[PDB]
Amino acid sequence: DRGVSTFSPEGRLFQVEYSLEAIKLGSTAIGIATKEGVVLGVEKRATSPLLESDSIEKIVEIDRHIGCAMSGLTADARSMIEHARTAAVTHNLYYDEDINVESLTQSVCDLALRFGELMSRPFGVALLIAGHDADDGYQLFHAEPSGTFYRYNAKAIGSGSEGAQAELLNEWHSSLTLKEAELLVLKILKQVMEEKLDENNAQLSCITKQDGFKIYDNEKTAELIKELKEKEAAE
Amino acid sequence: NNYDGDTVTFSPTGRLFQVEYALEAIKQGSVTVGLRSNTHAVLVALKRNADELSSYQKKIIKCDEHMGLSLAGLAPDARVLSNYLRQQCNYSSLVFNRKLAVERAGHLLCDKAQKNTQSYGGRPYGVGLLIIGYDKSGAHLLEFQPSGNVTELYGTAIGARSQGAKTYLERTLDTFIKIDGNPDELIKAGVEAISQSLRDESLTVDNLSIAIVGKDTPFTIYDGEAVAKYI
Amino acid sequence: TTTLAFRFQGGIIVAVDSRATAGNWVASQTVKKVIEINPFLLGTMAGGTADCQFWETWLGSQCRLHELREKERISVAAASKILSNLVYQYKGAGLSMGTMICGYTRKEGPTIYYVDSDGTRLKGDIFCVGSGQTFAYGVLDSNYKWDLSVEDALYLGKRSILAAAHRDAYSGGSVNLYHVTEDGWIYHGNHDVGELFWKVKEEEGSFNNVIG
Amino acid sequence: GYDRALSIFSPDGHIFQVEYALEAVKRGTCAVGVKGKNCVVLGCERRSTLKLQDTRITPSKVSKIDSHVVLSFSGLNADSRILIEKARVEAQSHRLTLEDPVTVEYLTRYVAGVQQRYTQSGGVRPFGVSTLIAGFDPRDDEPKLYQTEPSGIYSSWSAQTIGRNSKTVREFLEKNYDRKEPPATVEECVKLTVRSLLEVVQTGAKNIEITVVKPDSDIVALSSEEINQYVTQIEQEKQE
Amino acid sequence: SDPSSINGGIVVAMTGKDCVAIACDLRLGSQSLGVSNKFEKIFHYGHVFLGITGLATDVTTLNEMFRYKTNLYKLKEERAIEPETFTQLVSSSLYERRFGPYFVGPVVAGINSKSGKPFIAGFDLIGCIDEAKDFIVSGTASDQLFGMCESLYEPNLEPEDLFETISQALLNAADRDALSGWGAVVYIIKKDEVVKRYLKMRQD
Amino acid sequence: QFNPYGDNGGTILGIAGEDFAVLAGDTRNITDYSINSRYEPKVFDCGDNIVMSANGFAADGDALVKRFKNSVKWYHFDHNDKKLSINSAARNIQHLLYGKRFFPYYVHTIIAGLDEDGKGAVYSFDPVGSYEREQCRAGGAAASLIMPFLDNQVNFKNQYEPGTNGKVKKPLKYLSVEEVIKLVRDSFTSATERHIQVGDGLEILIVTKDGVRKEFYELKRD
Amino acid sequence: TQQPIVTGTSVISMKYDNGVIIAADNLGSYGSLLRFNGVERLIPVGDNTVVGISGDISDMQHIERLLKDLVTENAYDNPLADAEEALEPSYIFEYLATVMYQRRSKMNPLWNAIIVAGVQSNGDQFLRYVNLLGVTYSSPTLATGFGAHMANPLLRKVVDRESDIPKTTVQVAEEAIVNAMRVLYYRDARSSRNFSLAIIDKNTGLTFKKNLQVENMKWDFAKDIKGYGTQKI
Amino acid sequence: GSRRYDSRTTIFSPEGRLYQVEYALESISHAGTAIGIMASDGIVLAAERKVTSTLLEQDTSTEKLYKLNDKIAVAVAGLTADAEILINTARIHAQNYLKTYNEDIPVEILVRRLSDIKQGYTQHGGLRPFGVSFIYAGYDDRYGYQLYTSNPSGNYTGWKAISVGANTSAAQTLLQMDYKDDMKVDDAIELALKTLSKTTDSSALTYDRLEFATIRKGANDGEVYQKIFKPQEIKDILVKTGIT
Amino acid sequence: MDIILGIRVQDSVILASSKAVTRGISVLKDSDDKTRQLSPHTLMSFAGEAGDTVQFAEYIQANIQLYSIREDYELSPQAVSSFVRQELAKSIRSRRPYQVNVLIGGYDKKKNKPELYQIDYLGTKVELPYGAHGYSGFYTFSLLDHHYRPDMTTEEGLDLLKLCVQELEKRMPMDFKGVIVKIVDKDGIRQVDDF
Ligand SMILES: [Mg+2]
């Protein structure tokens with residue numbers, strides 16, 4: 001056939017480029033970083049009405065000060081989360097402190113290119129890693145299967161990403177409140193989702209310095225959806 | 001064609017296509033410039049962002065107090081190679097109480113890259129590196145290719161549109177080599193060199209990345225408002 | 001050393017002394033012999049100081065990983081067994097450890113496990129470990145009731161360490177008190193034995209053998 | 001050792017070996033899971049192409065992982081034994097170290113993890129198996145039902161089916177299962193499970209297996225006659 | 001401390017005219033404490049008989065091992081193993097543990113099914129074969145057994161005379177050993193009949 | 001039989017002030033009854049405003065300091081040039097020491113610096129990595145001669161206010177850097193008089209928000 | 001773990017204003033048997049370093065080969081091997097010190113005491129000690145074995161502290177070293193009369209002196225000594 | 001490198017089938033027919049040797065029927081050499097169990113173990129599967145008389161009567177027609193030989209082309225006897241049942 | 001730990017095991033249950049070195065429970081004891097052997113017979129009408145030799161056991177803080193809460 005670690009004539013790794021196509025088929029995940037916190041939101045996308053949607057876990061806690069959202073082949077993310085959690089806890093054991101969000105992200109990204117003929121293929125999932133530390137404040141990173149990670153003020157991944165990113169381009173400014181960010185994620189998710197957005201097929205979460213990482217209740221999100229509907233009808 | 005399926009295969013004309021494809025990844029990468037005088041050595045790098053919400057990808061990595069490099073191509077491969085350099089610089093200091101010579105650092109990178117080009121299963125590194133350093137024989141600048149070829153130079157550039165900066169340095173050779181004991185003027189020459197590779201975009205405050213090492217100057221990286229002085 | 005822990009109506013009381021010795025030489029009077037594994041779990045330190053420190057901080061890391069994975073507070077049974085299984089792997093190598101893993105959960109209530117470096121793991125109501133354990137047991141056994149108040153239980157633990165600190169040459173310095181509730185442990189201060197002895201002697205009428 | 005990467009990405013971002021493993025599941029006999037208010041029922045299809053079978057000794061389709069959790073499957077039979085064995089060992093290992101039996105979710109997460117591992121390990125192919133895992137958590141009376149598949153993804157279901165013609169029986173369940181009021185009794189839950197299989201099975205004879213799991217490790221498999229009484233009552237109501 | 005004399009016990013084997021006899025005591029102990037009076041030390045695999053003295057856990061382990069090996073032998077060879085062949089198998093098996101041995105004193109007895117020739121053999125704990133014509137002894141009262149056998153034995157004894165000789169050799173040897181006794185068994189082996197007799201003896 | 005351990009003598013002393021910290025140690029290195037060196041530095045600046053000394057068997061002492069200095073370097077590489085806080089350094093050293101739990105570094109380690117609130121900090125380690133933050137700690141040969149003196153003169157132990165006769169303790173008033181250095185010098189002068197392994201020279205490293213400063217003083221050479 | 005078999009005794013050394021001096025006798029003892037009389041225990045590395053070794057001779061010969069290999073290795077792909085990138089005394093010492101400590105840490109030591117004497121690139125004097133335990137220390141005077149007990153006291157009377165180094169000439173330093181070697185010959189039962197001496201000076205370079213002998217010895221007073229107390233004849 | 005020559009023995013087809021397993025089953029369909037029939041008082045194993053010669057030493061020959069222990073036997077269909085590898089593994093497993101628990105291995109536990117070994121070759125290792133199908137005939141004190149079959153996939157099932165090898169479709173129909181639950185061993189012996197006689201590709205069924213075995217409690221009192229029939233004994237039972 | 005006794009009567013097996021747990025100088029606990037249920041009709045009591053006892057017992061328990069689930073069948077007492085013996089016989093030649101002695105009391109539902117097996121840490125197995133480990137036999141066996149009958153009732157077995165415990169409490173130097181008694185019969189395992 002051909003090597004798993006083969007370069008294309010353009011200078012790209014075939015397998016990495018193909019895994020990026022799998023991520024495009026994944027459900028939408030959005031992140032927005034503000035000076036009051038970082039918000040993470042996902043499309044759940046249940047394949048049937050009999051599937052209990054609260055068992056769909058696409059937003060995950062890595063540590064008290066670091067959360068994570070996923071898009072793509074979500075089964076691949078489990079070992080990445082395990083590593084992230086272990087890295088966060090291990091660093092606290094060795095240094096009696098919280099680990100930097102960038103350092104955590106870098107540790108996760110080191111796994112990415114460990115494939116060949118180590119694991120047999122790259123990961124088929126992208127991650128939005130959000131968190132807070134004392135040195136660089138609130139941060140949002142985008143971790144890819146290439147091993148590259150970019151910091152973002154706001155970022156969308158998954159099937160509705162380029163439409164969502166264009167929307168984030170217009171809406172983000174450096175003075176956004178946490179409440180404004182919450183509504184903004186809900187607004188853009190509602191735009192790119194196939195099904196009509198409600199508290200059962202979408203999920204919100206945030207990370208603040210005071211309270212740490214929190215996944216929002218369906219009752220709490222339902223109120224923010226109702227607040228969104230009214231303010232869009234307000235003009 | 002039929003001989004590019006892996007790194008272990010020569011073509012009928014004696015070419016290694018997988019290595020050549022790895023070389024291509026560097027050409028897609030963002031431009032970075034290296035140049036030196038007799039007292040100092042400078043790296044200038046144009047950082048690339050994903051979009052307007054994203055950060056600008058870092059291009060320069062410190063290896064020791066007296067050595068460091070800039071990258072162009074696959075960033076994770078630069079992390080692997082720079083980590084190896086950090087260890088080799090560190091081994092030399094711990095075991096021999098000796099700062100690793102820049103020339104010897106080049107030899108080590110060459111040999112590490114070579115093993116990936118002669119064995120089955122592996123792949124070549126997909127990154128080019130510009131190593132600067134100040135050791136017991138003064139200032140040095142090296143250019144690393146993932147084929148294994150390492151070359152000591154007065155100045156150079158790698159990445160997209162690097163040919164413009166390389167021609168400028170070839171003209172300015174006699175001028176910038178004489179910039180001794182003046183760090184600011186040597187950086188100016190580097191910023192003017194990398195400007196010969198820009199199109200449509202210009203050097204902004206979060207776009208530019210500069211590093212310097214010299215006689216009484218530890219390897220230090222300048223980003224943000226620290227490079228506004230040179231814009 | 002003298003460390004104790006006992007279950008009662010209001011949860012768990014943990015009380016320890018503060019002295020560390022190298023032979024006859026008193027190395028430290030300010031040793032923290034209660035390890036704060038996390039906000040809900042406590043461990044006591046007897047035997048090897050490093051062994052207890054190192055492995056009970058490690059235990060805290062394992063407990064944190066458990067609740068991240070399982071989205072639920074680790075049980076005292078499970079937490080104690082992680083430690084006892086670990087030290088059992090090292091059995092023969094020379095680890096020295098005698099500890100009480102203390103916690104208060106919904107499913108268990110207040111629970112104490114004595115964990116040992118020979119691999120022993122015992123659930124119980126009252127435990128007492130160290131060179132001055134026999135002195136503290138005397139005061140505990142004769143005054144313990146399940147229906148003690150939090151105030152009286154705290155004093156009993158304090159008084160039992162004082163009894164050991166007085167008689168045992170290798171116990172003393174100061175007394176550290178903790179009260180473990182379901183919502184977490186609460187620290188109840190550092191009490192210098194020197195000042196505590198005279199205070200207790202006067203107020204209680206005890207230690208008539210000693211001139212004050 | 002044999003290290004060949006069998007599960008790899010294609011230009012369109014698909015892992016064909018994982019997708020072809022799903023095709024093996026499609027071929028397997030139908031399995032269905034329905035949870036009531038205080039029970040879960042696992043129904044399984046037995047293809048009647050094989051008679052002269054000894055039903056006493058032939059491997060049954062539903063397997064106990066522990067005294068409180070069961071596992072049924074659709075797909076390759078030989079592959080399923082490997083997952084069942086691993087799950088049974090992990091269930092005992094959990095009891096040994098945590099001093100508490102596994103939650104249904106934990107056991108599902110473990111099996112799904114094994115399945116995922118076989119999709120990016122060298123020299124191995126994915127499991128041609130999807131599983132339905134059902135039971136009750138220790139000291140809990142809330143019914144649990146989970147599904148896994150070759151890719152390693154898993155999720156909870158009010159009711160679910162896998163295997164051949166599972167599209168048809170899922171159609172039935174989606175219109176017949178009400179979430180606001182699930183089958184209140186064992187009878188109602190078994191009846192709805194047999195009804196769903198009768199959409200696909202053929203003869204209601206030895207082709208339907210039913211296993212009822214109740215709280216506190218109360219697991220029993222219904223016999224031919226007991227199931228035959230459900231089959232009889234369903235069609236007599238249908239003649240109207 | 002000495003593994004070969006913790007549990008105690010003895011085995012003796014003799015040859016006669018067209019017959020062999022093997023016998024053992026029934027005691028198992030923990031040094032001074034008597035634990036069992038039903039611990040038989042003679043086993044058989046087909047028509048080949050094996051007595052084992054020494055550390056009881058090894059006696060059990062080796063019996064289970066030789067059952068294992070003779071069963072596989074029979075499946076592959078399509079015939080029962082012979083005494084001469086089995087003797088070599090015991091020797092091989094013991095020597096493979098040269099530097100971590102089973103603390104035992106095995107004794108083989110049987111009649112070759114093809115030649116009809118009576119056969120006995122003994123081993124040390126490490127596999128050295130003692131193939132005597134007359135008798136083999138083993139266990140904590142081996143000295144006593146050597147004394148009894150050397151005076152009582154005569155060649156070509158008939159089966160029912162050999163029984164008396166081997167029985168009296170065992171009994172009187174065991175009565176001079178603190179760690180042997182508590183009952184005894186004697187096997188009288190002919191080409192196609194084997195008789196097993198439990199002996200009445202003092203229980204101290 | 002080969003004995004992998006030795007004793008190079010020496011004595012060290014760490015004291016934490018209100019907004020400063022000192023780590024002192026004599027400069028004499030010995031084996032048995034011989035002097036190897038009258039000036040062999042024992043207290044080291046490890047970067048990030050941390051000073052360290054690993055007293056006892058000098059080979060293990062040098063090895064540990066070397067490895068910690070190396071750990072500071074790699075902490076910067078791995079975590080974006082973040083400053084290693086004194087509490088984080090302490091926990092890191094525990095793991096270095098416990099890593100050789102079954103073939104220990106035969107040393108008594110002390111580090112000093114400032115905590116994240118800018119207050120003075122001293123941490124003390126045993127050979128296998130048990131550690132604690134302390135206000136006052138002497139280590140090495142003459143530790144038993146120095147600590148009782150420090151209990152009395154730094155913490156005012158057994159001292160009461162005149163006229164009250166035992167009823168009121170002497171209040172624990174804060175000491176200046178000049179006051180601490182006086183107590184350090186007198187501790188080592190007294191130790192030199194009564195301990196044969198202590199002498200030659202005294203080197204003190206002082207840590208403040210401004211950085212690390214050194215002071216040297218002669219000690220008796222007999 | 002082993003025991004030394006063939007052994008070399010004291011190595012002595014000291015700093016002076018422009019460089020360092022090091023010396024060691026030419027004996028290889030086999031217990032109390034003075035077996036080998038032509039053993040060189042000072043081994044020069046380049047023109048700026050001399051490594052003096054005492055203790056086990058088989059291990060000395062191993063270390064000698066390591067240093068020979070170190071010079072070969074340093075010259076590989078090194079155009080400045082005889083200039084800026086030549087081996088320094090500090091490089092040679094640190095390498096040996098690493099090896100010694102690693103070997104003790106595997107419970108298989110090189111049974112030696114080593115003194116590295118040399119002059120650095122900037123003209124600075126280098127003098128440092130390392131032994132089988134990996135213990136290292138520096139001083140204006142250094143000596144191994146018996147030298148530590150007898151030579152150091154004499155050498156310290158010339159250079160007692162750092163400030164005495166610039167005041168000490170090469171003639172005074174060599175005189176002190178040669179006298180110490182005589183004292184060691186009087187008093188060390190495992191010493192010999194024949195020795196080697198090396199001077200490493202920042203101006204005149206490396207001077208290596210072989211086949212030196214202890215001379216000007218006082219023995220005449222022995223004729224008057226009779227008995228062990230009361231004997232007169 | 002080496003990848004070029006790799007057949008990839010452990011992959012799914014687009015339809016979700018294991019190529020090599022399917023092709024191994026095709027191989028087995030050309031092997032001599034083996035039949036197993038379970039009765040109330042015992043089990044019968046009958047099997048046809050493949051086109052033999054007059055110079056073949058039949059009385060010392062064994063290609064079809066093998067003994068795993070005193071209670072369990074197998075009939076083989078496929079590559080004889082592959083079967084012997086697995087047979088020796090099964091014999092060891094039975095002895096391991098006996099040593100551990102001091103009880104004879106239950107039939108299903110042995111069958112599952114061999115079947116799991118076959119399965120492993122289809123999922124990992126990159127090796128070809130075993131081209132063998134077994135009929136297991138055995139007895140234990142839990143389920144009594146049992147018949148199983150396993151194939152290269154590692155899947156196994158229980159049977160009252162079953163065939164493997166050539167003409168299984170024709171053989172299984174004939175068995176399904178004449179089999180009854182209250183049947184006895186002597187009746188099952190006759191059914192097995194009659195079925196082979198009708199399905200055989202040879203002109204006539206003779207003693208030199210057959211291997212035969214019975215597992216009976218026709219052993220003196222509560223115990224089980226295996227009987228591998230001798231050439232003369234197969235000749236007699238052929239006359240008794242009226243086939244020759 | 002210290003004293004563990006066993007007696008097989010007509011229709012049941014009775015295991016008695018001390019409650020004390022002494023760590024050197026102090027008695028840390030006086031209510032310790034030195035037994036594990038391997039299967040519904042099989043009980044194992046144990047005594048030996050600290051840590052190793054419980055570690056071994058739970059390891060065996062896990063293995064038997066695993067077998068029970070895999071086969072949907074309870075192993076006979078004989079089979080379980082043979083498994084346990086092999087584990088100990090393997091253990092004795094290990095780097096660090098299990099220092100554990102056990103008694104296995106089971107009711108065989110197939111044969112309708114109680115069975116008592118005694119196995120020491122070397123892997124020395126014996127089936128007995130009554131058994132013990134350590135010094136327990138030295139005090140009790142003379143009483144059991146005298147009074148024991150194979151046709152005893154469970155109540156008579158308990159009375160003979162009381163006489164054995166009384167003799168232990170009289171002549172043994174150590175205070176073992178009484179015993180926990182458990183009965184194994186056709187209906188399973190139950191504890192005698194007053195003894
Ligand atoms: Mg002194």
# chains A, B, ... in the order shown; residues from 1 in each chain; ligands from 1

$ residues_near_ligand --ligand "ligand 1" --cutoff "9 Å" --atoms "only C-alpha atoms and all ligand atoms" --output "number ranges by chain"
F: 191-200, 219-222

$ residues_around --residues "residue 154 in chain D" --least-positions-apart "6" --cutoff "9 Å" --atoms "only C-alpha atoms" --output "ChimeraX atom specification"
/A:55-56,75 /D:108-109,112,146-148

$ write_last_selection --atoms "N, CA, C and O atoms" --output "short mmCIF file (atom, residue, chain, number, x, y, z; two decimals), in the first residue's frame"
data_model
loop_
_atom_site.label_atom_id
_atom_site.label_comp_id
_atom_site.auth_asym_id
_atom_site.auth_seq_id
_atom_site.Cartn_x
_atom_site.Cartn_y
_atom_site.Cartn_z
N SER A 55 -26.43 11.56 28.41
CA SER A 55 -25.31 10.63 28.39
C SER A 55 -24.27 10.98 27.31
O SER A 55 -23.19 10.39 27.27
N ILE A 56 -24.59 11.95 26.45
CA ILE A 56 -23.64 12.45 25.45
C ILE A 56 -22.70 13.44 26.14
O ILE A 56 -23.10 14.56 26.48
N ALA A 75 -14.63 8.96 20.36
CA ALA A 75 -14.05 7.82 21.07
C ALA A 75 -12.53 7.96 21.20
O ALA A 75 -11.95 7.54 22.21
N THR D 108 -19.65 -0.41 30.84
CA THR D 108 -19.82 0.01 29.45
C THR D 108 -18.62 0.81 28.95
O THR D 108 -18.11 0.56 27.86
N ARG D 109 -18.18 1.76 29.76
CA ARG D 109 -17.02 2.60 29.43
C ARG D 109 -15.75 1.77 29.23
O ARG D 109 -14.93 2.08 28.37
N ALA D 112 -16.21 -0.35 25.87
CA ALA D 112 -16.08 0.62 24.78
C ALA D 112 -14.63 1.07 24.59
O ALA D 112 -14.19 1.31 23.46
N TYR D 146 -27.18 0.68 28.12
CA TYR D 146 -26.17 1.34 27.30
C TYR D 146 -25.90 0.55 26.02
O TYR D 146 -26.18 -0.65 25.94
N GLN D 147 -25.36 1.24 25.01
CA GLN D 147 -24.96 0.61 23.76
C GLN D 147 -23.51 0.95 23.44
O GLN D 147 -23.07 2.08 23.68
N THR D 148 -22.78 -0.01 22.89
CA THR D 148 -21.44 0.23 22.35
C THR D 148 -21.38 -0.23 20.90
O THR D 148 -22.26 -0.96 20.44
#

$ interface_residues --of "chain C" --to "chain D" --cutoff "8 Å" --atoms "only C-alpha atoms" --output "NGL selection string"
:C and (70 or 77-78 or 81-82)

$ write_last_selection --atoms "N, CA, C and O atoms" --output "PDB file, in the first residue's frame"
ATOM      1  N   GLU C  70     -14.727   9.178  37.640  1.00  0.00           N
ATOM      2  CA  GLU C  70     -16.008   8.609  38.077  1.00  0.00           C
ATOM      3  C   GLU C  70     -17.064   9.650  38.443  1.00  0.00           C
ATOM      4  O   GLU C  70     -18.209   9.288  38.713  1.00  0.00           O
ATOM      5  N   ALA C  77     -13.100   3.549  52.046  1.00  0.00           N
ATOM      6  CA  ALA C  77     -12.702   2.166  51.799  1.00  0.00           C
ATOM      7  C   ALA C  77     -11.785   2.062  50.585  1.00  0.00           C
ATOM      8  O   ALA C  77     -10.738   1.418  50.647  1.00  0.00           O
ATOM      9  N   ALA C  78     -12.181   2.703  49.490  1.00  0.00           N
ATOM     10  CA  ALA C  78     -11.414   2.658  48.245  1.00  0.00           C
ATOM     11  C   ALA C  78     -10.095   3.417  48.354  1.00  0.00           C
ATOM     12  O   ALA C  78      -9.070   2.960  47.843  1.00  0.00           O
ATOM     13  N   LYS C  81      -7.590   1.530  50.486  1.00  0.00           N
ATOM     14  CA  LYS C  81      -7.138   0.313  49.814  1.00  0.00           C
ATOM     15  C   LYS C  81      -6.132   0.605  48.697  1.00  0.00           C
ATOM     16  O   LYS C  81      -5.274  -0.228  48.404  1.00  0.00           O
ATOM     17  N   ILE C  82      -6.240   1.780  48.077  1.00  0.00           N
ATOM     18  CA  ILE C  82      -5.235   2.228  47.107  1.00  0.00           C
ATOM     19  C   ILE C  82      -3.864   2.316  47.779  1.00  0.00           C
ATOM     20  O   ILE C  82      -2.856   1.889  47.206  1.00  0.00           O
TER      21      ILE C  82
END

$ interface_residues --of "chain C" --to "chain F" --cutoff "12 Å" --atoms "only C-alpha atoms" --output "ChimeraX atom specification"
/C:20-22,24-33,35,45,48-58,90,92-96,194-195,198-199,212

$ residues_around --residues "range 185-195 of chain B" --least-positions-apart "4" --cutoff "7 Å" --atoms "only C-alpha atoms" --output "list in words"
residues 33, 35, 42, 44, 165, 168, 169, 176, 179 and 230 of chain B

$ write_last_selection --atoms "N, CA, C and O atoms" --output "compact mmCIF listing (two decimals), in the first residue's frame"
# COMPACT_ATOMS: atom_id res chain seq x y z
N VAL B 33 14.77 34.70 8.96
CA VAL B 33 16.09 35.18 8.54
C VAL B 33 17.11 34.97 9.65
O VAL B 33 16.79 35.09 10.84
N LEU B 35 21.37 36.05 10.48
CA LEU B 35 22.59 36.76 10.10
C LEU B 35 23.46 37.03 11.32
O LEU B 35 22.97 37.01 12.46
N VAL B 42 21.99 37.08 15.02
CA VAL B 42 20.59 37.49 15.12
C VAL B 42 19.67 36.57 14.32
O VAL B 42 20.01 36.14 13.21
N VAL B 44 15.65 36.66 12.90
CA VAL B 44 14.42 37.42 12.68
C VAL B 44 13.42 36.49 12.00
O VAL B 44 13.75 35.84 11.02
N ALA B 165 15.15 37.89 0.71
CA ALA B 165 16.00 38.19 1.86
C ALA B 165 17.43 37.67 1.65
O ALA B 165 18.39 38.31 2.07
N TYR B 168 19.37 40.00 -0.68
CA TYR B 168 19.70 41.22 0.07
C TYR B 168 20.93 41.02 0.95
O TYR B 168 21.83 41.86 0.96
N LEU B 169 20.94 39.92 1.70
CA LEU B 169 22.08 39.58 2.55
C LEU B 169 23.35 39.34 1.73
O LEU B 169 24.45 39.64 2.19
N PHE B 176 27.11 44.17 6.99
CA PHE B 176 26.57 43.64 8.25
C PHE B 176 27.56 42.78 9.04
O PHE B 176 27.44 42.67 10.26
N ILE B 179 29.28 44.96 11.61
CA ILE B 179 28.49 45.56 12.69
C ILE B 179 28.84 44.88 14.02
O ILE B 179 28.11 44.02 14.52
N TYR B 230 11.77 48.37 16.45
CA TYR B 230 12.35 48.01 15.15
C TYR B 230 11.36 48.05 13.98
O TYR B 230 11.76 47.90 12.82
